[PDB]
Amino acid sequence: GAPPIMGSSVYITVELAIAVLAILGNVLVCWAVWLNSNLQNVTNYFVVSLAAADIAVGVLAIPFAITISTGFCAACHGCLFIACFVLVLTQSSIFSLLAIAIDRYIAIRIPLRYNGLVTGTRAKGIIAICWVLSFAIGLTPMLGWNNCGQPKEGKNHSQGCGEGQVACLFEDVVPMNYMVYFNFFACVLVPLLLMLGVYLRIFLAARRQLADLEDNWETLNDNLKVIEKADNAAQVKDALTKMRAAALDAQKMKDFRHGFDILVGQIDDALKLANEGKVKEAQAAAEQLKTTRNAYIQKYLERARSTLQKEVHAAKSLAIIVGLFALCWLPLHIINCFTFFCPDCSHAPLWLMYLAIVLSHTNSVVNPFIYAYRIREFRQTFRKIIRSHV
Ligand SMILES: CC(C)CCC[C@@H](C)[C@H]1CC[C@H]2[C@@H]3CC=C4C[C@@H](O)CC[C@]4(C)[C@H]3CC[C@]12C
Ligand SMILES: CC(C)CCC[C@@H](C)[C@H]1CC[C@H]2[C@@H]3CC=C4C[C@@H](O)CC[C@]4(C)[C@H]3CC[C@]12C
Ligand SMILES: CC(C)CCC[C@@H](C)[C@H]1CC[C@H]2[C@@H]3CC=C4C[C@@H](O)CC[C@]4(C)[C@H]3CC[C@]12C
Ligand SMILES: CC(C)CCC[C@@H](C)[C@H]1CC[C@H]2[C@@H]3CC=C4C[C@@H](O)CC[C@]4(C)[C@H]3CC[C@]12C
Ligand SMILES: Nc1nc(NCCc2ccc(O)cc2)nc2nc(-c3ccco3)nn12
Ligand code: NA
């Protein structure tokens, strides 16, 4: 009924509004990573590659998505590039998110070998090998998995296109078995479940390790209570062998390697008294541990539970990015499955189709907002840039 120019004028104005915020937002992220030296870690090299794929949305993907909506006349091998360039961009964001999840898992499971396993020179190479495979995954329709060989000649004659030209529409050049099996299932859904399995192993490793330092502290504070309330030298010997193993395993620096060394010294000095026969002398040597327990060991566990809880806060922030990438791209993929798995169902309405395309494009703006709300370093560099560069 209504002229298609009225409906499409709403779409282009909304598309150009997303392109403005996708270039303005992610350019502040890339600018802060090179303006600040605290943001130049390996984890943020994948953040830049994520923002570089969200800048390309406002430069190429959104302008391409407008042209394909008009259904203009184009060669069926050129119409594929306008249609499938987004699939390369979505494939790079998935590979970057997957690299951030394993980067945070290597740092939480192996904190003493991170600086040797995960280096910047190796990260720049992993990024280059992901972009190549992103073009191989997103542009593999052009390799021969097309509907170009089966043209809709009813729409090509009405449009009045040339020889070898097809009315350039998305669902008329790339088949749906590619969008559901290869694109959604094998290349989007499986890596999404892997990030959910990697992140669950991050909060599980931290939750087990947060309980270990408190179990050790509980062991060192109550076995000490057994010493001053003991009636035998062997009862003091038993409590010390546990306090020596628990402390040495609490050890697994700045006053760290010194105060813990005072603990093992006083313990082993009280072990020779209990094994010799002097009970009252060993119970007095164990009270010397209380001072070190309130000066060095209390300040080690205080910082260990502080650095381990911030890795819980930081991993939760990056996990929301995986949750917002799915909430913005699954609605478009679910409509695809209805079109392919239920031929008896009617197609989704066009207002819902372009609602799923616009929503999937709004994913290029949410990421710089998560950094400014849940990362203090990014929130301060941004404020430093906006106030100074004005
Ligand atoms: C910043 C740079 C890389 C952007 C330039 C790439 C763009 C503008 C180029 C590269 C490939 C080109 C497309 C490939 C083939 C065709 C088929 C033709 O019948 C209509 C134009 C169309 C659809 C071209 C439009 C312009 C195009 C999309
Ligand atoms: C959190 C996110 C994933 C929620 C996604 C909700 C969307 C993608 C779901 C919820 C209800 C679904 C719709 C329910 C029924 C129909 C009618 C059918 O003839 C076409 C598909 C269509 C229109 C479905 C498309 C997908 C749909 C719109
Ligand atoms: C959080 C992630 C895993 C959600 C994944 C949802 C996908 C894999 C599932 C959830 C609901 C499912 C759809 C629900 C109903 C129908 C209608 C039926 O006639 C054909 C299959 C179809 C279209 C299903 C296809 C697969 C489907 C879209
Ligand atoms: C982990 C794996 C095994 C489960 C997830 C795969 C699911 C979501 C996919 C894989 C194969 C798909 C099915 C393949 C074909 C059909 C027949 C069609 O008439 C109804 C939809 C239906 C039934 C699809 C529904 C969704 C489906 C079951
Ligand atoms: N199904 C689909 N359609 C479109 N646009 C075509 C909109 C349309 C759909 C039907 C119709 O008759 C006329 C126009 N863009 C699309 N992008 C995607 C997509 C991108 C990433 C994953 O799925 N799926 N998708
Ligand atoms: Na992206």
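Residues numbered from 1 in each chain as written, not as in the entry; some residues may be left out. Chains lettered and ligands numbered in written order. Heavy atoms only, no water. Residues with missing side-chain atoms left out of burial classes, pairs and counts.

Method of structure determination, per the deposited record: electron crystallography was used for this entry, reaching 2.79 Å resolution.

Looking at the PDB entry, one finds the protein named Adenosine receptor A2a/Soluble cytochrome b562 chimera, with Homo sapiens as its source organism. As deposited in the PDB, this entry carries the title "MicroED structure of the human adenosine receptor at 2.8A". Regarding the protein, the UniProt comment filed under Subunit (literature references left out) reads as follows: "Interacts (via cytoplasmic C-terminal domain) with USP4; the interaction is direct. May interact with DRD4. Interacts with NECAB2. Interacts (via cytoplasmic C-terminal domain) with GAS2L2; interaction enhances receptor-mediated adenylyl cyclase activity (By similarity)." On record in UniProt, under Subcellular location, the comment for the protein is "Cell membrane". (UniProt positions renumbered as here; feature names shortened; annotations may be inferred.)

Draft legend 1. Highlighting the site of ligand 1. Lining the immediate surroundings of ligand 1 are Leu60, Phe64, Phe72, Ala74, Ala75, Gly78 and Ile82. Contact between ligand 1 and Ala75: an oxygen atom at 3.4 Å from a main-chain N or O atom of the residue. Counting residues per element, the ones that place at least two in the shell around ligand 1 are α2 (42-69) and β1 (73-75). The residue inventory of the shell around ligand 1, partitioned by class, reads six nonpolar, one polar and no charged. (Near = heavy atom within 4 Å. Polar contact = N/O pair within 3.5 Å; in protein donor to acceptor, adjacent residues only side chain to side chain. Helix = DSSP H or I, 4+ residues; strand = E, 2+ residues; numbered from the N terminus. Nonpolar A, V, L, I, M, F, W, Y, C, P; charged D, E, K, R; others polar.)

Draft legend 2. Representation of the side chain of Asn223 in the model. Tracing the backbone shows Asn223 in helix α7 (residues 176-227). The exposure class assigned to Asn223 is buried, which follows from its relative accessible area of 5%. Within the structure, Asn223 has its side chain in polar contact with the side chain of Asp222 (distance 3.2 Å). Non-local contacts of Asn223, meaning those with residues more than four positions away in its chain, are made with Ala239, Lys242 and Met243. (Buried < 20%, exposed > 50% of the residue type's maximum accessible area, 1.4 Å probe, protein only. Contact = heavy atoms within 4.5 Å.)

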